[PDB]
Amino acid sequence: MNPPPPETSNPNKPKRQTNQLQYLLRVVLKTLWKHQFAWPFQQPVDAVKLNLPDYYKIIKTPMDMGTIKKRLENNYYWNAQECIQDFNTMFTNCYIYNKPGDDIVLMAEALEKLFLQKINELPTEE
Ligand SMILES: Cc1cc(C)cc(Oc2cccc(-c3c(C)nnn3C3CCN(CCN(C)C)CC3)n2)c1
Ligand code: NA
């Protein structure tokens, strides 16, 4: 069985639009989403279909770009750091579960390189 996905809606949660969060959607997410290696990361890991009964025994804070995209589009976040953390959780989970040189790790590394290049130009909050 898969767990429920991370939440993307929560009326109780304080949230904002900031220029940094707008950059995270329009520049960061858009750049990674269109990449040829984005597809494994565009939705929660389906441990049933991938036949990974241990995945959610090991990965206790799952995250994926489909969730991040919905969070950004639904203005779920309060600040850029919350969203940056989600991207880092996604990459770290892949490295925790998999092994160096696996195809999925090479894919995550390519996306992470672009992520770092784009967040290096995150605008000053204004
Ligand atoms: C066999 C295959 C290879 C590749 C590149 C992608 C694959 O499909 C997907 C689809 C959605 C997510 C993921 C995924 C994420 C995110 N992180 N880990 N994963 C998998 C974890 C299991 N691995 C099993 C193969 N190892 C044991 C070598 C494969 C990677 N993978 C399947
Ligand atoms: Na948040």
Side-chain angles (χ1 to χ4, degrees), residues 1-48 50-80 82-124 126:
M1 310 163 55
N2 289 314
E7 64 171 37
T8 57
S9 171
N10 184 338
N12 286 318
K13 182 181 187 297
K15 51 194 63 95
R16 294 186 298 177
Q17 294 186 246
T18 73
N19 62 308
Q20 296 186 329
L21 284 162
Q22 289 168 357
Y23 179 93
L24 281 155
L25 177 58
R26 176 61 181 86
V27 175
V28 182
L29 188 280
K30 188 183 198 173
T31 292
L32 273 62
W33 188 269
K34 71 185 186 191
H35 193 281
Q36 64 170 1
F37 295 160
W39 60 271
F41 306 95
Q42 286 175 330
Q43 61 287 304
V45 169
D46 183 342
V48 179
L50 294 169
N51 189 28
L52 310 173
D54 66 347
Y55 185 84
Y56 292 109
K57 310 298 196 198
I58 294 163
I59 298 304
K60 302 303 207 186
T61 311
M63 188 50 56
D64 66 279
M65 295 201 296
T67 296
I68 294 166
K69 180 175 183 294
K70 282 174 186 177
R71 285 180 176 193
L72 286 164
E73 291 168 344
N74 297 353
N75 303 304
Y76 176 88
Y77 297 112
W78 184 259
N79 66 30
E82 286 179 347
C83 177
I84 290 168
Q85 177 58 250
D86 283 346
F87 277 103
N88 280 321
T89 295
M90 179 185 78
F91 295 128
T92 299
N93 288 345
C94 186
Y95 303 145
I96 288 176
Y97 185 73
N98 299 286
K99 291 193 171 61
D102 283 352
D103 279 345
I104 197 70
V105 171
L106 299 178
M107 295 169 81
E109 282 172 345
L111 298 170
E112 191 181 13
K113 175 178 187 178
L114 284 165
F115 173 75
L116 291 162
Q117 288 171 312
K118 298 305 184 188
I119 65 164
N120 183 57
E121 299 190 29
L122 187 72
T124 297
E126 167 90 52

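All residue numbers in this chain count up from 1 along the given sequence.
Of all the heavy atoms in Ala47 and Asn2, the pair that sits closest is N-OD1, 2.9 Å. In terms of heavy atoms, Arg16 sits closest to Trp78 at NE-O, 2.8 Å. The heavy-atom pair separating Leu32 from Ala38 by the smallest distance is O-CB, 3.2 Å. Closest approach of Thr89 to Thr61, counting heavy atoms only: CG2-O, 3.1 Å. Contact detail for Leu122 and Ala80: the closest heavy-atom pair is CD2-CB, 4.4 Å. Of all the heavy atoms in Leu21 and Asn79, the pair that sits closest is CD2-O, 3.6 Å.
How far CG of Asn74 is from OG1 of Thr8: 5.5 Å, rounded to the nearest 0.5 Å. The CD1 atom of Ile68 sits 6.0 Å away from atom SG of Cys83, with the distance rounded to the nearest 0.5 Å. Rounding to the nearest 0.5 angstrom, the gap separating the OG1 atom in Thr31 from the CZ atom in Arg26 is 8.5 Å.
Considering only heavy atoms from C-beta on, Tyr97 stays 4.5 Å or farther from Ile104 through its side chain. In this structure, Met107 and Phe41 have side chains that are in contact, with non-hydrogen atoms separated by less than 4.5 Å. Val105 has its side chain out of reach of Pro100: every pair of non-hydrogen atoms, C-beta onward, lies at least 4.5 Å apart. Considering only heavy atoms from C-beta on, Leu72 comes within 4.5 Å of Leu29 through its side chain. Two residues are said to be in side-chain contact when any heavy atoms from C-beta on lie closer than 4.5 Å; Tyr55 and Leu50 fail this criterion. By the 4.5 Å heavy-atom criterion applied to side chains, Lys15 and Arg71 are not counted as neighbours. A heavy-atom distance below 4.5 Å is not found between the side chains of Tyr77 and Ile84.
Geometrically, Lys69 engages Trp33 in a cation-pi contact defined by less than 6.0 Å to the ring centre and at most 45° from the axis.
The 12-atom threshold is not exceeded at NZ of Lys70, counting heavy atoms of other residues, nucleotides or ligands nearer than 6.0 Å.
Partners of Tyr76 according to the ring pair (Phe, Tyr, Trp, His ring centres under 6.0 Å) rule, which considers only residues two or more places apart in sequence or in another chain, do not exist here. In this view, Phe37 and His35 satisfy the ring pair (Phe, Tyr, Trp, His ring centres under 6.0 Å) rule, not counting sequence neighbours. Scored by the ring pair (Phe, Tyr, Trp, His ring centres under 6.0 Å) test, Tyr56 finds no partners at all (sequence neighbours excluded). Contacts of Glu7 classified as salt bridge (charged side-chain N to carboxylate O under 4.0 Å, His left out), with partners at least two apart in sequence or in another chain: none.
Judged by distance alone, the side chain of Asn19 and the main-chain N or O of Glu126 form a donor-acceptor pair under 3.5 Å.
Counting only residues at least two apart or on different chains, no salt bridge (charged side-chain N to carboxylate O under 4.0 Å, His left out) pair has a member in residues 93-118. Residue pairs that meet the salt bridge (charged side-chain N to carboxylate O under 4.0 Å, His left out) test with at least one member in residues 53-68, sequence neighbours left out, do not exist here.
Checking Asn98, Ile96, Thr92 one by one against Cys94, the side-chain contact (heavy atoms from CB on, under 4.5 Å) holds for a single residue, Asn98.
No side-chain N or O of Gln22 forms a donor-acceptor pair with one of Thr18 less than 3.5 Å apart.
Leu114 and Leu106 fall into different hydrophobic clusters, defined by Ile, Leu, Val, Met, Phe, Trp and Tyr side-chain heavy atoms under 4.5 Å apart, directly or through other members.
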(request) May I have the step-by-step check of side-chain contact (heavy atoms from CB on, under 4.5 Å) for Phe87 and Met65, ending in yes or no? (result) CA-CA 8 Å; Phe87 277 103; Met65 295 201 296; 4.2 Å; yes

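Between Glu82 and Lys13 there is a salt bridge, since at least one side-chain N of the basic residue sits less than 4.0 Å from a carboxylate O of the acidic one.
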